[PDB]
């Protein structure tokens, strides 16, 4: 196994997957690393196993169908994985914790959103449909763009949004279009 965390690229107290070489901090993996479980498979492996059990799940899907799906375990997991892939980008630190809003010329958002609020939401089973998760995720980057306006700092929202959207398309097998 790795000598660093797969998410945050640092060494530390790591928990190693029993089916791939990946390693994780406790609260870096999503869900948080389960107490016992020997063997333990990480979320990368568990996502792989879905595909290897239903190879037609990689056939193209419409976004609109994906968003109405209930958050049964297999979709709960994909959201968890998608969230994790956003945390893997270092620029995610700008979106992790509760923001504040006090800039000349701008007003704060009506509904603030951040990645740890979304992680806690997934964790306490608050989302019933994929739709709900994807909306809060998109909200984070929408709120960022509206607040930083023309400051080049809005570029960070676009960059991390792109990481989210590419990974959404891959994980949920969206039909590839132009």
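Positions refer to the first chain, counted from 1.
- Higher mean CA B-factor, judged across 103-111 and 82-90 from the recorded values: 103-111.
- Here 163-171 and 8-16 are compared by their mean Cα B-factor, and 8-16 comes out higher.
- The PDB entry assigns its highest CA temperature factor, among 143, 135, 32, 59, to 32.
- Residue set 50, 130, 118, 28: peak C-alpha B-factor at 50 (per PDB entry).
- Looking at the C-alpha B-factors along this chain, the one for residue 68 belongs to the highest third.
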